[PDB]
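Accompanying notes for the structure given below.
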Amino acid sequence: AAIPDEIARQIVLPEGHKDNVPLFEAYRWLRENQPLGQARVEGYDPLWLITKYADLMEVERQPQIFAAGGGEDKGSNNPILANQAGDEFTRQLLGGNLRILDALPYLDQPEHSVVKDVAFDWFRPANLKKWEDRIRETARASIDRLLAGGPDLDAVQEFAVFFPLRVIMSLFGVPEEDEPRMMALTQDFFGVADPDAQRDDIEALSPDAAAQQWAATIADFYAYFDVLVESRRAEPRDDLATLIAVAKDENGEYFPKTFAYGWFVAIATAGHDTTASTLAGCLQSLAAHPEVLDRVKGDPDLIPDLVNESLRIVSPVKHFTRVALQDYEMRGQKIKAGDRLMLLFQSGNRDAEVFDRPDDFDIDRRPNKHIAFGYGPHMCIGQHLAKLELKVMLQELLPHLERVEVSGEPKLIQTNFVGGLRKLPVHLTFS
Ligand code: HEM
Ligand SMILES: Cc1cccc(Cl)c1
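Quick note on the deposited numbering: the sequence shown kicks off at 10 and runs consecutively.
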């Protein structure tokens, strides 16, 4: 049978993500009662909900079977779950397809492979170590402002959002003065279905509002990054913006400007917001588990284990979709050619078959098997930079904190996609 209506809506509708408790309960009910079923929500394509850790890996490691962008028919699958009216808007705007960015999530092999190889080396851990000092200096300046601002704040908008964005913008070689513009467009981009993040230039109540907001935000990013691409092509620098802007194909021709824009959009949004969310979720967890803060201050070598458990628990990238290019049997279910799948990375990270007491914050999981960065050739290119940023920040921050207290109501971004806290009122005790 189809998944029960209210379980399916809890996970498919952005509104279903506004509170973590009933969302994660719907996850768990599927893992325990219907681990691979089809959600048939009004206004949405039918979706296989991939709730199980083993199934996430099985799908992600077979891109010849489970495409992101629809394989040879490029843009016939939207790798980010829009509603039907939204996908219809995009096909109207683009002329019959959904490939609204040339960013990695929209690509299939072998194009995905060729484009990813532009930055693969740049993002490897050994190649990121040359940035560690500059990242640590950014952390220290952010912590200086935290300590100066006093102990009562919103740990998200008044702290956690700034460090990750300044790291990315510094790696682009883009001036600090442009950070507020990038922050605002990031909000427009991940807030397409959040009630407090509606753009002034879109009809908020239209059945395709989210898709119109996604398109409008991309057009604003294109305008900004066109100036950057042209600038770095004309005057190359030792920065990430240059690597992206000057990239050439096997024929010695520039990649089309949209491939640079796609990298720039991905790194200027998902390249910092996910970091911000994990750092804020980590502080929220330290408030609930003061003994963990004590322990990590006593043994700073525990910080990477803290990072890994915060990544598992927060899992701020909730899903990507795939399309079956052929019939495929998994967990006694018959997935048909053309069926879409919704990969639930947060659910995989609470799979009791993999994690003992999966809802418990436990930094002593060694190894911490989390799939917060996904899997397969699309596995997060920025995983090493995310682990480095979070390690460096916590190394510099945690000595300064004796206690975190949540003093007010946490608020999550209302999204089925890239979510996490937008507000965490705290009272900090400093050492
Ligand atoms: C806590 C931080 C982060 C988390 C949890 C996270 C999680 C994810 C996940 C789940 C995906 C999808 C993987 C899949 O399809 O199987 C992804 C993709 C990606 N992430 Fe991250 N990410 C983080 C940080 C970053 C950073 C810092 C950057 C870059 C500076 C980055 C760049 C990307 C890009 C470009 C993609 C698309 C990869 C592809 O489709 O091949 N991410 N991330
Ligand atoms: C999570 C994620 C990764 C890359 C691009 C986007 Cl829009 C979002």
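C-beta: ideal position from N, C-alpha, C; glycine also.
Open item on the list: Quick check on this structure: which residue in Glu120, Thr287, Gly383 and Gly182 has the alpha carbon closest to the alpha carbon of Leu433?
Closed with: On the sequence shown, residue 433 is found 424 positions in, with the first residue counted as 1. Considering only alpha carbons, the answer is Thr287.
- [ ] Just tell me which of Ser151, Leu180 and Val170 has its CA closest to the CA of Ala128.
- [x] Position 119 of the sequence shown holds residue 128. Cα-wise, what sits closest to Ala128 is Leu180.
Open item on the list: What residue range does the beta strand (DSSP E) around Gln342 cover?
Closed with: On the sequence shown, residue 342 is found 333 positions in, with the first residue counted as 1. Run containing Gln342: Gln342 to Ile344, per the beta strand (DSSP E) assignment.
Task: Contacting residues, own chain, Cβ-Cβ under 7 Å from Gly385 (five flanking each side not counted) - done: For this step, residue 385 is matched to residue 376 along the sequence shown. Correct list, in chain order: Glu69, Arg70 and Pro72.
Open item on the list: Let me make sure I understand the geometry here. Which of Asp28, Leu90 and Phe75 has the alpha-carbon closest to that of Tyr53?
Closed with: For the purposes of this step, residue 53 is identified with residue 44 of the sequence shown, where counting begins at 1. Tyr53 has its Cα closest to that of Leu90, out of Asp28, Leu90 and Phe75.
- [ ] Could you name the residues that DSSP lists as bridge partners for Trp38?
- [x] Locating residue 38 in the sequence shown gives position 29, where the first residue counts as 1. In the DSSP output, where bridge partners are listed per residue, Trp38 has none listed.
Open item on the list: DSSP three-state label for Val50, please.
Closed with: The residue you call residue 50 lines up with position 41 of the sequence shown. Residue state, collapsed to three classes: coil.
Task: Cβ-heavy atom distance, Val165 to ligand 2, below 7 Å - done: Working through the sequence shown from its first residue, we reach residue 165 at position 156. Result no, Cβ not under 7 Å from ligand 2.
Task: the region 181-199 / the region 276-283 touching (three or more Cβ pairs under 8 Å) - done: yes
Task: Top-ranked residue by Cα proximity to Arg412, from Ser440, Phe354, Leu162 and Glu398 - done: Working through the sequence shown from its first residue, we reach residue 412 at position 403. Comparing Cα-Cα distances from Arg412 to each of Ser440, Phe354, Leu162 and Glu398, the minimum goes to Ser440.
Task: Supposed close pair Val316, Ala250 - CB separation, criterion 8 Å - done: One-based indexing of the sequence shown puts residue 316 at position 307. One-based indexing of the sequence shown puts residue 250 at position 241. That pair is no contact at about 27 Å.
Open item on the list: Quick test of your reading: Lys266 and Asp303, contact by CB under 8 Å. State the CB separation rounded to the nearest angstrom.
Closed with: Indexing the sequence shown from 1 puts residue 266 at position 257. Indexing the sequence shown from 1 puts residue 303 at position 294. The pair is not a contact, with the Cβ atoms about 51 Å apart (cut-off 8 Å).
TODO: Helix, strand or coil for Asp163, going by three-state DSSP, please let me know.
DONE: Along the sequence shown, one-based indexing puts residue 163 at 154. The answer is strand: DSSP assigns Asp163 an E or B state.
- [ ] Assign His436 to one of three DSSP states: helix, strand, or coil.
- [x] In the sequence shown, residue 436 corresponds to position 427, counting from 1. The answer is strand: DSSP assigns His436 an E or B state.
TODO: Can you give me the start and stop residues for the alpha helix (DSSP H) that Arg143 sits inside?
DONE: Reading the sequence shown from its first residue, position 134 is the one you call residue 143. Run containing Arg143: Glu141 to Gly158, per the alpha helix (DSSP H) assignment.
- [ ] Could you spell out the range, first to last residue, of the alpha helix (DSSP H) harbouring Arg175?
- [x] Residue mapping note: residue 175 aligns to position 166 of the sequence shown, counting from 1. Start and end: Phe171 to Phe181.
Task: Whole beta strand (DSSP E) elements within the region 95-137, 3-residue minimum - done: none
- [ ] Look at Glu362 and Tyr62 and say whether their C-beta atoms are less than 8 Å apart.
- [x] Translated into the one-based positions of the sequence shown, residue 362 becomes position 353. Translated into the one-based positions of the sequence shown, residue 62 becomes position 53. In this structure, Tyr62 lies closer than 8 Å to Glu362 by Cβ.
Task: Cα-Cα separation, residue 463 to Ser122 - done: Nothing can be reported for residue 463, as the shown portion of the chain is limited to 10 through 440.
- [ ] Compute the Euclidean distance between the alpha carbons of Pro419 and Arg431, then round it to the nearest angstrom.
- [x] Here residue 419 refers to the residue found at position 410 when the sequence shown is read from its first residue. Here residue 431 refers to the residue found at position 422 when the sequence shown is read from its first residue. Distance between the alpha carbons of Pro419 and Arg431: 8 Å.
Open item on the list: I need the DSSP call for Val363, collapsed to helix, strand or coil.
Closed with: In the sequence shown, counting from the first residue as 1, residue 363 sits at position 354. Reduced to three states, the DSSP call for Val363 is coil.
Task: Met339: first and last residue of the uninterrupted beta strand (DSSP E) it sits in - done: Position 330 of the sequence shown, counted from the first residue, corresponds to residue 339. Taken as a continuous stretch (DSSP letters only), the beta strand (DSSP E) holding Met339 covers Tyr337 to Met339.
Open item on the list: Output needed for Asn87: all residues of its chain with C-beta closer than 6 Å, excluding positions within five of it in sequence on either side, in chain order.
Closed with: For the purposes of this step, residue 87 is taken as the residue at position 78 of the sequence shown. Excluding positions up to five away in sequence, the list reads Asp96 and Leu107.
Open item on the list: Which residue wins for smallest C-alpha separation from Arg374, given the options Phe364, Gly383, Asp368 and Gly159?
Closed with: As a first step, residue 374 must be located in the sequence shown, where it is residue number 365. It is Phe364 whose Cα lies nearest to the Cα of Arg374.
Task: For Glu414: DSSP bridge partner residues - done: Here the question's residue 414 lines up with position 405 in the sequence shown. In DSSP, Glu414 forms a bridge with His436.
TODO: In the DSSP assignment, find the unbroken beta strand (DSSP E) run with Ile390 in it and report its ends.
DONE: Locating residue 390 in the sequence shown gives position 381, counting from the first residue. Element bounds for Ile390: n/a, residue is neither H nor E.
Task: Minimum C-alpha distance to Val435 - residue among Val415, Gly428, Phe426 and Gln423 - done: The residue labelled residue 435 in the question sits at position 426 within the sequence shown. It is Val415 whose Cα lies nearest to the Cα of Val435.
Open item on the list: As a quick check of your reading: which residues have a C-beta less than 6 Å from at least one non-hydrogen atom of ligand 2, in chain order?
Closed with: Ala112, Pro114, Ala275, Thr278, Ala279, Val326 and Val427
Task: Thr226, buried or exposed, once every other Cβ within 10 Å from all chains shown has been counted against 16 - done: The residue you call residue 226 lines up with position 217 of the sequence shown. It counts as buried.
TODO: Starting from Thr330, follow the beta strand (DSSP E) in both directions and report where the run begins and ends.
DONE: Here residue 330 corresponds to residue number 321 of the sequence shown, with the count starting at 1. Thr330 -> beta strand (DSSP E) spans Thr330 to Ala333.
Task: Best match in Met402, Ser356, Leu437 and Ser240 for proximity to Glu146 [C-alpha to C-alpha] - done: Taking the first residue of the sequence shown as 1, we reach residue 146 at position 137. The option with the nearest alpha carbon to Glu146 is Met402.
Open item on the list: Our contact map puts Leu353 next to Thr60 with C-beta atoms below 8 Å; I'd like the distance itself, whole angstroms only.
Closed with: Translated into the one-based positions of the sequence shown, residue 353 becomes position 344. Translated into the one-based positions of the sequence shown, residue 60 becomes position 51. Indeed they touch by this definition, with Cβ atoms about 5 Å apart.
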